[PDB]
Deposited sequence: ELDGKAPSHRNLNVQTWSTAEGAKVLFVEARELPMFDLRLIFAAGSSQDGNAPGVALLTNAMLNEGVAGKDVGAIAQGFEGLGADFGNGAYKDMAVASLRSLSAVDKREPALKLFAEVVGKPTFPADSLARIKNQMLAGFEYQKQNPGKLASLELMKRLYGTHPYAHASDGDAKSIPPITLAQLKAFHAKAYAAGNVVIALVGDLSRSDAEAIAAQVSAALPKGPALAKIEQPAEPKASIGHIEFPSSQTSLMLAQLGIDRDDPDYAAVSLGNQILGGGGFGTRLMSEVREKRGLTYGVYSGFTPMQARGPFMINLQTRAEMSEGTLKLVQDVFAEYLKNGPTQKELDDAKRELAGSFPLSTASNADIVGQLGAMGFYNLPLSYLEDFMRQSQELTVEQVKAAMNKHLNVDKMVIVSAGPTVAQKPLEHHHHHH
């Protein structure tokens, strides 16, 4: 496709793809306003993002939702470690998109942050922390990110904690919003039934409604953690196991190589090394997965699965052996091909706008999409093995288990 890009007067990065198949369009705003920008107030980024559509001049939470619905539009939001998102899907018809866009602009650019909404959202978050202590996987991953990142901004939970949420004030949210939702801190992605002229108008309108400000400081790289094995005691006949170490950052040149290499190890299914060895041949789990989560700074590489508590010790060694062998010998030409073929089979405005968001946010080449498919079928078994060994090491894994401490049964 023909990806077009430019910047607004306020400094926003714009990426656009014209798609006339459907009388609709997707607008996605990506801000460098993830939890990594939390500073001394864990949870403030997530709280700010969740509060956007709780109120604007003249409209309470209900009226805003009704506003979008009545116009045939869908609003979406979310906060993560690197970014925070605000999105709109709407009919392309001028009479529908105009009021939808002005409302969207008001919600993301001029939220009023109603006091009652804040109290309600905090309560939901506090209740959430309580339910979380009943989810082994959630506890294991939280522990795992702490051991992996230490004091780095990516270490703390995005939603903060019971201690940090209560003190957050409306003033802190307004201050964070003014700084992190600034035009110079955003990427405007558009895909749909629009001309480049309409796209420019839309992007400019959004950019002008946002608070004025420069981009925030980028996140530094984390220090490599030391290998370790932790355990979280939890009642259940099952045990959640997670293994991880630092992976790559989104802009790393070996992205295509490590992603294909990962597909073979623990991607979707039955065919992978892990699913066949752990699930297919031994029936020790209903699902085992592996994957990289590239961010601005080095993201984590993780392997996760659940098994019967009495088989956990044995299954862990098995996963470690499978991983060790894979890094040592790499993939077979047969696995690589099936991997490329599988990939060859994997677009809507939504899927595209999502990619444009990452392309602009991580400053990837305009040709990113094509470059990825192209680089990916070109890769040889030797390039994949080299890339995996360059970014992963068997002696760097941080392991966290969550389940009961019970007698262990060796694998049969």
Deposited-sequence stretches lacking C-alpha coordinates, listed in sequence order: 1-11, 358-362, 429-434
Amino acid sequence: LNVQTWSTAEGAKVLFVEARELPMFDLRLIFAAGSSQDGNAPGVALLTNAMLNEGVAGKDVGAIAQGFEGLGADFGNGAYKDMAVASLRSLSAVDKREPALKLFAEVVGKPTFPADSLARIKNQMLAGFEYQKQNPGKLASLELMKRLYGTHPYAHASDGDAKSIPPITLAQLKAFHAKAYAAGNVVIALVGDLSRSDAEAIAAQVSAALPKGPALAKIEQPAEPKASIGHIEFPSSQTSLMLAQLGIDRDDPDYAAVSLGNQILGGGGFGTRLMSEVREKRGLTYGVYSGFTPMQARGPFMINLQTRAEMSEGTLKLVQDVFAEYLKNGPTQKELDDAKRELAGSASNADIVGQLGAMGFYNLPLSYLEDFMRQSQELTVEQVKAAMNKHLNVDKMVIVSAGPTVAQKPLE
From here on, numbers count along this sequence of modelled residues.
Mean C-alpha temperature factor, higher of 190-198 and 161-169: 161-169
Selected stretch [higher average CA B-factor]: 174-182 or 114-122: 114-122
Residue, from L52, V44, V381, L29, that the PDB entry assigns the highest Cα B-factor: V381
Residue, from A33, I64, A57, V353, that the PDB entry assigns the highest Cα B-factor: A57
Third of chain Cα B-factors occupied by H152: lowest
Relative C-alpha B-factor of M388, binned into the chain's lowest, middle or highest third: middle
Chain-relative CA temperature factor third for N363: middle
Lowest, middle or highest third - CA B-factor, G266: highest
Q408 - Cα temperature factor, lowest/middle/highest third of chain: highest
